[PDB]
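Given as structure tokens, the chain that follows is alone and in the form deposited in one PDB entry.
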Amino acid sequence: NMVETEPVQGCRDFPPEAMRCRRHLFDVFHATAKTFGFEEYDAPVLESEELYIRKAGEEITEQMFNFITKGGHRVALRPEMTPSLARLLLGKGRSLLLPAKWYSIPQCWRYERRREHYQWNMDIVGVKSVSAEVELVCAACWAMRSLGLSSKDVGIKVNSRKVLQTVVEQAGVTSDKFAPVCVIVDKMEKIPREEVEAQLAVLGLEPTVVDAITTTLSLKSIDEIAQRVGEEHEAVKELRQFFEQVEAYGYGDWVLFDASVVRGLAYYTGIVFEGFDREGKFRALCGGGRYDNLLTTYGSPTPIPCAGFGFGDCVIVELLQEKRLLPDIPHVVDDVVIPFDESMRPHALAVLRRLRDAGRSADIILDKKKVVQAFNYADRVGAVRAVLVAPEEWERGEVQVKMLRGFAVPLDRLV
């Protein structure tokens, strides 16, 4: 009987049609990274499990696709890339010249719904100032504009965790509870306030402390945060600098302040941001932030400032489909070379060689078939031109060329 034609649970196949859609997306990721001066890197999908043991109750680490090798070693299919980046960065030490701007498009994994997705990662390493976050946010807007979206379709919500850090510290809560608190508060929009309030109670935070978090999360503007913490709290000056810089780059209509944005990851220390559709129909398009302590927690002797984001391949595609910005673009090829019959095949191969030699994409009809079915084939594969190689033209040093989107042409004139 049949073998199982469906892919493994939660995983996608990319036959040519779907692959073209993915490549359209990835081409933008690559093109944007190049426009912004980022350098590509990669690392193994298989990493040590201990790389992701952060103990803050993170969704990303709770849903880890992990297993034990035959030699008893605890590994996982990476749930995200940032730990791999830091590993690479630590490996280089003082040999890594800074600042560094590194990007990748890893497939990342989870176990629970989809179990895999691709995630464009962009990170700036060695830059203390908000200029890093500005560039990253502009890179994300650029990718989206490149895909056909506008500031009418999407935006980027931006906040700083430092604001909340103050409230946590000032309430007497030891800072080891800060990350788990961000993690729980990250669920605030999704699940009820009672549930989030309940989760914070379990961590030992008192009712007063919880209340102070709620209020600051609901503050609707930077001037309101300034009233609460001061116009020269670390966060106020950074955010103002950030908006001033994004404005200057011409993307002011894409970004805004939102005090409810914290992200679900333990390691963010400063500015955080996430992309969203302005119709409120989809989950976050991308998300990122500054994580200045991570390399220190991995054992770096010297603190390494870092900031970056991930930008998934799934939500963006749903948005683009909704907006009618992913028309099927069929496969194309420049030339299809058609032997008049099998006796002409050697000659048609010589023609095939010349066409490809000149940088053209070209097929030759591989089967034995009638000239008209060859033309049908040429049309199906999206050929710009059909080149018929028939005995009578060949003797004259020519072929029959026909534009598809039949005049005899000398061989040398083909290209």
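By rigid core we mean the largest C-alpha set that fits within 1.5 Å across both forms. Residue positions are given as counts along the sequence shown, with the first one as 1.
- Per the record, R405 and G406 are separated by 10 or more deposited residues that are missing from the model.
- The modelled chain breaks after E112 and resumes at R113, leaving 4 to 9 residues of the deposited sequence without coordinates.
- Looking at 296-304 and 223-231 together, the entry lists the larger mean B-factor for 223-231, computed on C-alpha atoms.
- When 16-24 is weighed against 387-395, 387-395 comes out higher, by mean CA B-factor as recorded in the entry.
- Of the candidates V181, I105, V336, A259, the deposited coordinates give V181 the top C-alpha B factor.
- Among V125, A248, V196, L88, the highest C-alpha B-factor recorded in the PDB entry belongs to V196.
- In the PDB entry, a CA B factor belonging to the lowest third of its chain's modelled residues is recorded for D363.
- In this PDB entry, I68 carries a Cα temperature factor that places it within the highest third of its chain's modelled residues.
- Per the deposited record, the Cα B-factor of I329 falls in the highest third when ranked against the other modelled residues of its chain.
- Ranked against the other modelled residues of its chain, the C-alpha B-factor of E40 as given in the entry falls in the lowest third.
- Among all modelled residues in this chain, the alpha-carbon of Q373 has a temperature factor (C-alpha) in the middle third.
Below, we refer to the form deposited in another entry, which is not included among the displayed structures.
- Taking the core as reference between the shown form and the other one, the lone member of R87, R278, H331, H73 whose Cα moves by 2 Å or more is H73.
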